[PDB]
Structures are given as C-alpha cells and as structure tokens.
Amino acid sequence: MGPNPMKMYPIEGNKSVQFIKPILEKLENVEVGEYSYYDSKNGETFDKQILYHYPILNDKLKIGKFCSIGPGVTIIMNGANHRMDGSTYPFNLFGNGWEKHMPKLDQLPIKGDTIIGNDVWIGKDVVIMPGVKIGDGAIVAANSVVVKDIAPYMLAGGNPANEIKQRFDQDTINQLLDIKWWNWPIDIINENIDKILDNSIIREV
C-alpha cells in the first residue's frame, strides 16, 4: 500500500510532485531516501536545484527519507568557493597564460558533505550552503539560508537560519530519535501512519 517509490511522478498526470530518488540515482555520489519528494516550482526536476556539484571535488549530498522539500529550494555544493588565503580573484580562469595559476585541490576550501536527515520539512526558496547538517524531523522556515547545522526536531528560520524552538520536549524527541519509524519495513509503517502523524507511536513501539 502506498505509491511506488521508483516513479519520478507518483501521482498519475501530475508532473509537479516528484520523488527525488529515481531522479537522482543516476548521479554520482548523491544519496536519497525513498519517499522524499520535491514540490516543483515551474515544472523543473530537482537535479536543476543542486548547484556547483563537481565529481573531482568529491563532496557528497545526503537526503534521508520522508522528506518534503518545498519549491525553489537550492542546495549549493563546494564548487563555488574560491581560494582565500590570498586574493579571491580567479586568475586561472581567464587563461592566456594564467592557467599556470590553477589551484591545487588541497588549496580550495571545502567545507564538507551536506546531509539532510529523515522526516525533514524544508520550506520554499530555502538556500542550503555547503557542508551543512540537518537533523531528523527538523523544520526549516520558507526563505531561510542555512549556513550551519540544525539539531533534530528543531524549527529554524532566517538568513542566517537559527534554531527558534524545540518541536517537542526532549523526552519525546529522545524516544523519537530512538524509534526511527522511517527505518521500519513499509508494511509496518502502513499500519501506523496514524500514530506517526500524531506522535502516539512512542507509546506503542
């Protein structure tokens, strides 16, 4: 029961809602959770939203399961940073003799891998800077800019985005991070969607 997680478009006739995984699997070094979807803004496919992601730099993007990514969300990788121990001007780029100044890989600043946990809701037009971590169950307010990590089950917002308040009491969260319903076999999840939607799965589990 439920939709086929391998379709690009789970809702027949609808080219707006699209599962991210079947779209991004072809991409080298990008990991995606099963039911994570993207609400297209103007019809585009999520791959257009990941920028400056180059193999040779080897940074990775990670997206957990059951994530709801709003339209316009932009994930920027490390291929946009410039060398900064000196001038930020990209001399090597204009050639005509300047290539000699190409930078060695260990010279480029690479923050790290980007990792978005499970059951995460990212509002529209959110921009995610390189090498950031977003915990399970977190909520990011529309039009936010994430320059730093976000703890699990936290509501954050702003530019730069900051944690505003815990979604639930530590108690609940600890048990929630404990149960990990996103990891259960779908058929078990199919029988508890109700308890998962109102958090009562904590007492059953």
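For every residue, the number given is its place in the sequence shown, counted from 1.
Relative to its counterpart among 143 to 151 and 24 to 32, 24 to 32 has the higher mean temperature factor, C-alpha atoms as listed in the PDB entry. Per-stretch averaging of Cα B factors for 98 to 106 and 82 to 90 places 98 to 106 on top.
Comparing C-alpha B-factors across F46, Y52, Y37, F168 in the deposited entry, the largest value falls on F168. In this PDB entry, the Cα temperature factor of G112 sits in the top third of its chain's modelled residues, the highest group.
Sorting the modelled residues of the chain by their CA temperature factor places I179 in the highest third.
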